[PDB]
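Structure first, then comments.
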Amino acid sequence: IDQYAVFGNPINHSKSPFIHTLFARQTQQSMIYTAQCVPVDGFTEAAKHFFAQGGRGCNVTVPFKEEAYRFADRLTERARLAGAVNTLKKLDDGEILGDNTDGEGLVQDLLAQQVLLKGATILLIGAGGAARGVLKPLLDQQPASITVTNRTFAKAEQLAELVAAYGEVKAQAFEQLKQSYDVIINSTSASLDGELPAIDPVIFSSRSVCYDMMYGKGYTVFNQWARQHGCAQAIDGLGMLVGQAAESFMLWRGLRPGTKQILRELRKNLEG
Amino acid sequence: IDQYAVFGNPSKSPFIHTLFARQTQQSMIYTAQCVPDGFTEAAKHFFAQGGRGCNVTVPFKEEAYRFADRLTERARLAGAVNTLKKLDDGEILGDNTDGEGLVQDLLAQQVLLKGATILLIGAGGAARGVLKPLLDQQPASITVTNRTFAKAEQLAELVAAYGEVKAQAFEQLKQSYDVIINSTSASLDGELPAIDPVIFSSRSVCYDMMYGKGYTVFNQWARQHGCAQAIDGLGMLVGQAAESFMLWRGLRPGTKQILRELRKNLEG
Ligand SMILES: NC(=O)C1=CN([C@@H]2O[C@H](COP(=O)(O)OP(=O)(O)OC[C@H]3O[C@@H](n4cnc5c(N)ncnc54)[C@H](OP(=O)(O)O)[C@@H]3O)[C@@H](O)[C@H]2O)C=CC1
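Sequence lines, in order, name chains D and A.
Numbering-wise, the entry's author numbering puts 56 at position 52 of the first sequence, and it's gapless, one number per residue.
Going left to right, the second sequence walks through residues 5 to 14, 18 to 43, 45 to 276 as the entry's author numbering numbers them.
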């Protein structure tokens with residue numbers, strides 16, 4: 005029985021165990037997955053011992069994604085550009101492969117919502133770690149372009165440079181934005197009372213698809229705002245979560261499981 | 005879904024309980040939580057959010073003992089708690105399953121404890137936690153020995169009323185026993201307790217709370233004097249886990265399957 009787990013601190017709000025337990029039951033795999041809380045500076049050592057007792061792979065959440073990045077012998081290209089790792093896997097030869105499934109998780113979620121990125125104009129709001137981790141996979145879907153935006157133009161351009169070798173990626177400050185986009189993806193954080201960054205509503209259109217990485221009961225404040233100006237379809241990041249997990253499950257084992265059932269289940273509990 | 009966990013500073020419990028979960032088709036999740045502040049705080053919060061029970065690793069077993077609203081006979085005697093359970097009335101029950109795990113492992117290995125002569129090497133927390141359960145099996149006698157005699161004598165007088173129990177220093181041990189149980193740490197430092205191997209006989213059953221790949225240091229030593237059967241503590245670990253699982257779910261899970269899986273992980 006292969007062992008898998010999720011290392012982080014804290015782990016109280018981790019859906020991974022619940023998620024991967026259901027995938028294993030749907031695809032009947034001889035595996036176990038558990039949540040292991042680890043001391044702020046004990047990930048490296050905690051990780052070493054894990055692969056010793058028969059650990060085949062594991063997810064890494066805050067705040068060990070960067071430390072895991074260094075811990076991995078070889079990193080996938082998507083992980084290299086991401087600068088962080090959320091999925092480790094001990095290969096057959098012995099070494100440990102680092103990877104990041106954020107991007108693909110987003111892409112597979114979009115496809116599930118019947119959103120095609122082929123030849124589309126994409127607007128990525130924000131340029132932090134979340135935004136960084138989704139670029140490459142978005143580009144691979146071959147869109148017309150991807151525009152990265154932040155309040156400060158500086159941080160937006162740097163990010164666009166890093167992935168310039170995979171597609172058409174532009175950068176612009178929020179005050180510059182003056183056109184609509186086919187698909188808007190928000191990676192920024194909003195306050196608990198619903199205050200969003202100062203972005204001109206020109207970005208939205210009647211045919212625009214809006215995807216917000218945040219999720220919760222009903223619609224997110226960002227999606228509600230998109231709908232006030234025309235948004236044709238609003239989606240939250242709950243699918244992305246189930247997606248990225250699904251991608252890790254595929255990586256270790258070799259079969260992508262059905263999220264439909266799981267995503268639905270996670271949402272009922274979320275709405276409860 | 006019912007939430008369970010294990011609190012500790014550094018475990019196999021999550022793996023172990025998750026398998027019991029599968030086997031018994033129990034809708035529950037078992038996680039490994041960090042211990043900041046203190047256990048008491050983490051614990052209050054844990055049950056305050058819906059947790060139904062948890063395991064406690066060293067050195068929080070004594071603090072878990074105080075955290076419990078009501079203790080079980082075996083927990084009170086052991087002086088420590090490795091298992092906490094929230095009852096239907098909101099009260100938190102504290103119990104200690106280490107001794108029952110040892111006993112069941114021994115019985116599973118076809119070892120007769122009733123009317124047997126036993127030598128318990130050590131007088132720390134591990135020894136104290138297994139005395140009551142051993143005494144309930146009605147052995148002819150239990151000899152508590154420890155490097156520092158005083159502590160062995162104090163432990164023997166503490167449970168004198170529950171059965172035939174006497175203490176002796178290592179130097180005094182000059183006779184063989186039916187069952188020899190090693191509860192000391194000596195092995196961690198790669199050392200053996202200063203005891204004359206005469207204690208081992210060809211009929212002797214040696215049980216070491218320690219476990220690992222191959223035979224333990226203490227058991228290799230027992231084998232150097234023709235013991236009848238040398239056993240490690242892996243069965244104790246799986247056994248204490250199972251008792252806690254029964255305490256929380258009302259059903260008892262199978263230990264063979266799990267014990268064999270863990271054994272495979274140890275052997276490379
Ligand atoms: N395998 C593993 O990784 C794990 C194993 N365990 C088990 O749990 C138990 C926890 O120990 P616990 O009893 O609570 O610890 P304590 O410190 O409370 O007691 C240890 C006892 O062992 C005796 N002892 C220790 N070292 C020596 C030595 N070199 N020579 C002779 N006697 C010695 C001590 O005698 P004195 O009173 O004279 O000092 C003491 O009575 C251990 O026995 C261990 O087997 C626990 C966690 C991990």
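Quick reminder that beta carbons are idealized off the backbone N, C-alpha and C, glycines included.
Exercise. For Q117(D) versus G243(D), is the C-beta distance shorter than 8 Å?
Worked result: yes
Exercise. What residues are listed by DSSP as bridge partners for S149(A)?
Worked result: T125(A)
Exercise. Whole beta strand (DSSP E) runs in the stretch 57–126 of chain A with 3 or more residues, listed along the chain?
Worked result: 61–64, 91–94 and 100–103
Problem set entry | Three CB pairs or more closer than 8 Å across the stretch 27–42 of chain A and the stretch 248–257 of chain A | yes
For this session: Run the CB neighbour count on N273(D), radius 10 Å, all protein chains shown included, and call it buried at 16 or more, exposed below.
Result: exposed
Problem set entry | Interface flag, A39(A) vs chain D, CB-CB below 8 Å | yes
Problem set entry | Cβ pair count under 8 Å reaching 3, the stretch 263–271 of chain D against the stretch 233–242 of chain A | no
Exercise. For the beta strand (DSSP E) that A9(D) lies in, which residues bound it at each end?
Worked result: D6 to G12
Exercise. Going straight from the alpha carbon of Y223(A) to that of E199(A), what length do you get?
Worked result: 15 Å
Problem set entry | Under 7 Å by beta carbon: chain A residues contacting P67(D) | Chain A residues near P67(D): none, gap ~13 Å exceeds 7 Å.
For this session: Return the bridge partner residues of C214(A) from the DSSP annotation.
Result: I188(A) and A238(A)
Exercise. Pick out every residue whose C-beta is nearer than 7 Å to a heavy atom of ligand 1: which are they, in chain order?
Worked result: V66(A), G130(A), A131(A), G132(A), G133(A), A134(A), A135(A), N154(A), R155(A), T156(A), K159(A), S191(A), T192(A), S193(A), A194(A), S195(A), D197(A), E199(A), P201(A), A202(A), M217(A), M218(A), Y219(A), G220(A) and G241(A)
Problem set entry | Assigned exposure category for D45(A) - 16 Cβ within 10 Å defines buried | exposed
Problem set entry | Outcome for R82(A) when other beta-carbon atoms lying within 10 angstroms are tallied against a minimum of 16 | buried
For this session: With 8 Å as the threshold, decide whether the Cβ of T48(A) is near any Cβ in chain D.
Result: no
Exercise. Do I189(D) and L127(D) have their C-beta atoms closer together than 8 Å?
Worked result: yes
Exercise. Do you know how far the Cα of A134(D) is from the Cα of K182(D)?
Worked result: 24 Å
Exercise. Does DSSP put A230(A) in a helix, in a strand, or in coil?
Worked result: helix
Problem set entry | Burial state of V42(D), where buried means 16 or more other Cβ atoms lie within 10 Å | buried
Exercise. So what's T38(D) in DSSP terms, helix, strand or just coil?
Worked result: strand
Problem set entry | Other residues of its chain near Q248(D): CB distance less than 6 Å, five sequence neighbours each side excluded | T105, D106 and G109
For this session: Starting from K174(D), trace the alpha helix (DSSP H) both ways and give me its first and last residue.
Result: Element bounds for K174(D): not the alpha helix (DSSP H) but the beta strand (DSSP E), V173 to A177.
Problem set entry | Straight-line Cα distance separating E71(D) from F47(D) | 8 Å
Exercise. Can you tell which of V64(A), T80(A) and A50(A) has the C-alpha that lies nearest to the C-alpha of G58(A)?
Worked result: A50(A)
Problem set entry | CB-CB length for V89(D) against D103(D), believed under 8 Å | 6 Å
Exercise. Per DSSP, which one or two residues make a beta bridge with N154(A)?
Worked result: Answer is none; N154(A) lacks a bridge partner.
For this session: Measure the beta-carbon distance from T31(A) to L196(A) and round it to whole angstroms, keeping in mind my assumption that it falls under 8 Å.
Result: About 34 Å; that fails the 8 Å criterion.
For this session: Output, in chain order, the set of chain D residues within a Cβ distance shorter than 7 Å of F22(A).
Result: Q7, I36 and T38
For this session: Indicate the three-state DSSP secondary structure (helix, strand or coil) for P205(A) in the structure shown.
Result: helix
Problem set entry | Any C-beta of chain D under 8 Å from that of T263(A) | no
Exercise. Got a sec: is the Cβ-Cβ distance from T125(A) to anything in chain D below 8 Å?
Worked result: no
For this session: Can you tell me which of the three DSSP states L259(D) falls into?
Result: coil
For this session: Identify the contact partners of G58(D) in chain A, using a Cβ-Cβ distance below 7 Å as the criterion.
Result: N273
Exercise. Relative to the C-alpha of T151(A), which residue among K174(A), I5(A) and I23(A) is closest?
Worked result: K174(A)
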